[PDB]
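Working notes for the structure below.
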Amino acid sequence: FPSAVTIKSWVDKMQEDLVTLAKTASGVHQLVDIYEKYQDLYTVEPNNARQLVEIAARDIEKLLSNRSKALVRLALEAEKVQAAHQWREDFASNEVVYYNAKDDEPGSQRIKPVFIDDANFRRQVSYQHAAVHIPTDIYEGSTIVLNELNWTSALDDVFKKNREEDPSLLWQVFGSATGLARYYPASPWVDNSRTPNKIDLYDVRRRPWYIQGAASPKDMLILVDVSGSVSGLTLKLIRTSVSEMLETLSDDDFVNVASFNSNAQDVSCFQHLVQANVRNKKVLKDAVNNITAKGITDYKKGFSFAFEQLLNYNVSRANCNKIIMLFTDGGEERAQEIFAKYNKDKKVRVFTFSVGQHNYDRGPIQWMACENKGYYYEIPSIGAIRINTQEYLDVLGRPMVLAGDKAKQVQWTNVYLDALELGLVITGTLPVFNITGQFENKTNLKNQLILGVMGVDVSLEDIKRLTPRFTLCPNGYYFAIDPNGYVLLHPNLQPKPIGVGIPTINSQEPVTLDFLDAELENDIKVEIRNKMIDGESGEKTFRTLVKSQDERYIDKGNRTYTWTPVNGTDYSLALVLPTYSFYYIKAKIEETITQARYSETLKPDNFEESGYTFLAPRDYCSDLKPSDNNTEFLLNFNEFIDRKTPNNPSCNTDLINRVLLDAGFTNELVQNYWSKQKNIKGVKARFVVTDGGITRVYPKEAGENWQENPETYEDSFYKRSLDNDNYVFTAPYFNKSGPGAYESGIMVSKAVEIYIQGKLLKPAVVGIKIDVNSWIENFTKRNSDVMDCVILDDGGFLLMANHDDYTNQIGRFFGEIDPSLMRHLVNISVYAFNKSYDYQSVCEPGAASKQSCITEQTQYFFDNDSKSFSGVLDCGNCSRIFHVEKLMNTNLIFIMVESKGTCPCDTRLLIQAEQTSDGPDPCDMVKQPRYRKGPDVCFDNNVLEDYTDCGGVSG
Ligand SMILES: *[C@@H]1O[C@H](CO)[C@@H](O)[C@H](O)[C@H]1NC(C)=O
Ligand SMILES: *[C@@H]1O[C@H](CO)[C@@H](O)[C@H](O)[C@H]1NC(C)=O
Ligand SMILES: NCC1(CC(=O)O)CCCCC1
Ligand SMILES: [Ca+2]
Ligand code: NA
C-alpha cells in the first residue's frame, strides 16, 4: 500500500487539473468583471424584511376583510328575505323557475344558460343566474325544496352586486339545511367520463366549511356497544356508522373511542382524547374495524368510563362541548345513579343511536336521550347512515342561535381541494339565523335552528400574488401558519392529498401539512413555530441544514427568520431570507438603443452566436401566458417586445428591464469569452444561469441535452451552488431514460459574487459539463484487480473509478456497489445522514393506478471537516486498507482501497432511494404532542334552550 504522501500528491494534481479546467472554461472572473464594469445600468436596493412582512400581512388582512364584508352582506340579505316569506302549497299552479346543475316535473321550470368561457374559473360559467345543486336522495318536487327555492331566489341580485364590487370574486355559496346548495356563478356540476363509479354523493351539509360554521368545537367520546347481542349485521352497521361519525370531525375537535361488554376499555392505543387529525382518525377507524361482539352488557361501567375520560384536564382538550354518543341496539337499564352522580347540572350532552333491525326495548335509550340535553336516532340500514349521523349539529347549534348577534363571526377553514376543480382554496363561513316573528316573540321553537351556512372561497394563488418572490434570491421565501401549526402558504405544499400509511390494496379530507413536516425539524424551528403561533413578532438569525430541491443533497446555510402576526385574523406570516440576499439589483436601463440591442439578443436565429437561449415562464405581461414549451414562449415574448411600446400599461417594467439587462450581460459574456476558445478538450458544454430568468448553453447542439427547468428559481444546482462556497459537482442519474453520463457529461457549477459597493451579491451561476472519456484518461494516467480507486461527491454518488465496470454505473449511490466500505466510513464521521418523511407522495400499490403514501428519505453530507482519513476495514477473516482523502475547493473525495475480491465477506447493501414507510408511530406523538392554541369563543349551555324535543317522546 502506498504511503500517504504519494496519495496527497496525486489528489493535489487531480484537484489542480479539475479546478483549473472548471475555472478557465466557465468564466467566473469574466462574468464578475462584466457585472462590475458598468455599475451604471442598475442600482442596488435593500430588502428590509420587517417592512415586507408587514406589507404582505396588511394585504392579506385587507383581502380577508373584503371577503368578510361580502359574507356579512349576503347573510343579512338572506335573513331579511327569509323573515318575510309566506308558506304555500300551491306550486302546481305557480312554478319556480331556476337553473339546475347535474342535469342533461310539475311545479318547476328549468333554465338554459349560455355558458361563456372564463379565464379565472377553469370551466364555463354564466353571470346571469345562480346554479342549484340538489343531492340525489333529495327529490326536487317536495314542498320544502320548492319553498326553499322560492325564498332563496332573492340571493341572485346580492350575488351580482358582490361580484360587481370585486371582480376577482371566486365561488359564492349558500348551503341550506334542507340539502340544496345555491352557488354563483352558474356552472354545471362535476362528472368524470360518466364511468359507472361516478355517482354524485355530494352533500353540502357534510362539507367541513359547513360543519365548522354550524357549531363549535366539541369533546366527543364515542361509546360503542360490543356485547354479544350485537353480532351480525348490526355490528357492521355500527362500525360503518362510527366511521361516518368520525368523518365529521376536524382538527379543533377531540375524540376517543371506547367499548364495553361487562367491562369498559379503550378501542386503541390512545387511552385519552386526541386531536382527531388524519392520522389519529385513521388509527381509530382501523381499531374500530377490528372489534368483535361477546359477553353481557353493562351500561353503568361504560358510562362511568365515558364520564371519567371527560374529566381528565391533564391533556390537551377543547373544553367546549362534552358529548357522549352511544351506539347500541336496546336494553332495559336506565342507570339513573350514574347520571345523577356525574352530571347533576347537565353539563354533558348524551346522544343515543339505536342501530339495526331488532325487537329490543328502546325506552331507556330515549329516556337517556331526553333527560340529558341530547337526542335519539334510529339507523336501521346503510341508507340512513349518511343522514342520521350528521344531525347532531342541529342540537349543538341551539346556544349559538340563542346568543345570536355576538355569534356572527367570520371563520376561515383549512386548506382543501375544491370539488369543482379549482386547486387549493380556503372558505369563509358565516351562519344565518331564522328570525320569523322576531318583532312579536311568538314561536321561538323552530327559531332555534339555523337556515344554513354561507361561504366564499379564496384561492391560494390569490394569496401567492400578494407575496412576490422575484426581488429575493432562489433561497428566500414566505410562509404562513395558523394556530394549529398547519401551513397556509409554503413552497413545499402541493395540490395533492396528504398520504397516510402504506397503501394496501386487494377532496373529502383536508390538505393539512404541519410546518415541521414541510421542512427539516430543528429545535430553533420548534421555538420559532411556538413563538409565532402565539401571535408575536420576532427575528432570529441562525445556521441550519437545508435540503436541496432534488432530494439528494443537504447543505449547511445561514438563515434569518422575521415573523409578524396578521392583524384581525389568526394567521402568522414569516420570511426566510439568507444573509447574502439582503440586497437586490434593479434595472435603470432607460434608453431606446440599449434596450433594442438587448432585445435583439433574444432572437431565435442568433443561437449560432449566442447559444441556445431559454426563458423563465414569468408573468411579464397580462396578455402573455406560460406556454410550458418555451420554444414559442420566447417567440411570443419577442413579438410583444417588437410591437408593444416599452411603456407596458398592463405589464411589469421591473421584470422586463431585469430580463433585458441579464440578456445583455450574458450575451456579452458569450460573445467575448466563450466564442474565442471554440473547442476545449474535456468540455462538452458551457452554460450560464442568471437571476433574471435567462439560461444559455453555448454549443447550440448541446442545448438539446439541457434537461433543466427554465425557471431559474427551480434549478437545484443554482440553489446548491449559492449555498456552497466552492465548485459543486452534480451527479447524473443512474439510468432513468434518455442520454446521460457519456452522452452529456458531468456538471460542475460555481456562483459568481460581486462587491460593487462593499455589499455581497450573487446574481448568477455558471459552469461546464466534463466529458467522461477524457476524465477517465487523466484519472488512469487501469482496470486493476487488487486495488480500487474511486471518486465520490458529498452524497455518496459515484462519479468515476478505474475498473471500467464501476464507470458504467456512474451516478449510482456508492452504498449499492460497495456496501461494506460505505457502512464502515459512515461511522468514521466522514458521512452523516438525515432521515425525513414526505407525505404528499404517490406509490405503486404493493403486494398487500397509484395511491397516496408516506415515503422516508435519507440524505448524506460531510460531517467532520477533516481532510484525510485512514484505517483498516476489518470485516472478519480479512482486513482491507483504505486512505479516504478529500479534495480542496471541491465537494469530492478520493478513495483508494483493497479490492473487494480479496475479501469474501459480503454484507447487505444500503439504499439512499426513498422507501415507502408507515411511520412515525401515532401512539407516541400523542403522549408528547406539539404546541397548539385553540379558539376561545365557545357557545354552549344556554339556560333559555328549550330542548324539550328529543327524538324519543315525539316519534
Ligand atoms: C378590497 O376592496 C376594495 C374595493 O374594491 C379595494 O380597493 C381593495 O384593493 C380590496 N383589497 C385588496 C387587498 O385588493
Ligand atoms: C323559521 O321559523 C318559523 C317559525 O317557527 C318556521 O315556520 C319556518 O319553517 C322556519 N324557516 C325554515 C326555512 O324552516
Ligand atoms: N367551495 C364549495 C364548493 C365545493 C365544496 O363544497 O368544497 C361547492 C359550492 C360551489 C363552489 C364549490
Ligand atoms: Ca346487549
Ligand atoms: Na382555522
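Residues are referred to by chain and number: the chain letter is A, B, ... according to the order shown in the C-alpha cells, the number counts from 1 in that chain, and ligands are numbered separately from 1 in the order shown.
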
List as a list in words the protein and nucleic acid residues near region 118-132 of chain A, meaning an atom at most 8 Å away when only C-alpha atoms are counted, but skip any in the same chain fewer than 5 places from it.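 Counting only C-alpha atoms, the residues come to residues 98, 99, 100, 101, 113, 156, 160, 170, 180, 181, 182, 183, 184, 185, 186, 187, 188, 421 and 422 of chain A.
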
Please give the complete set of residues from region 396-465 of chain A that DSSP, run on the backbone, assigns to helix (DSSP H, G or I), formatted as number ranges by chain. A: 398-407, 446-448, 460-464

Return the single residue from A:179, A:796, A:692, A:682 that is closest to residue 654 (chain A), with distances computed using only C-alpha atoms. A:692

For a quick check of understanding, using only C-alpha atoms, which of A:198, A:603, A:696, A:588 has the smallest distance to residue 636 (chain A)? A:603

Which residues of chain A have any atom within 6 Å of an atom in ligand 1 when counting only C-alpha atoms and all ligand atoms, and what is the closest pair of atoms for each, with the distance in Å to one decimal? Order the rows by chain and rising number and write it as a tab-separated table.
```
residue	atom	partner	partner_atom_place_in_ligand_line	distance
A:59	CA	ligand 1	13 (C)	4.8
A:62	CA	ligand 1	13 (C)	4.6
A:63	CA	ligand 1	13 (C)	4.1
A:66	CA	ligand 1	1 (C)	4.9
A:165	CA	ligand 1	5 (O)	5.6
A:166	CA	ligand 1	5 (O)	5.1
```

For a quick check of understanding, using only C-alpha atoms, which of A:516, A:573, A:432, A:770 has the smallest distance to residue 481 (chain A)?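 Answer, going by the shortest atom-to-atom distance: A:573.
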
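Those protein and nucleic acid residues that have any atom within 6 Å of ligand 5 are, using only C-alpha atoms and all ligand atoms, residues 412, 413 and 414 of chain A.
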
Put those residues in a file: C-alpha atoms, as a PDB file, in the first residue's frame.
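Here's the written file part25.pdb:
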```pdb
ATOM      1  CA  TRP A 412     -61.701  30.587   7.837  1.00  0.00           C
ATOM      2  CA  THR A 413     -61.166  26.867   7.325  1.00  0.00           C
ATOM      3  CA  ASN A 414     -58.245  24.598   6.455  1.00  0.00           C
TER       4      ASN A 414
END
```
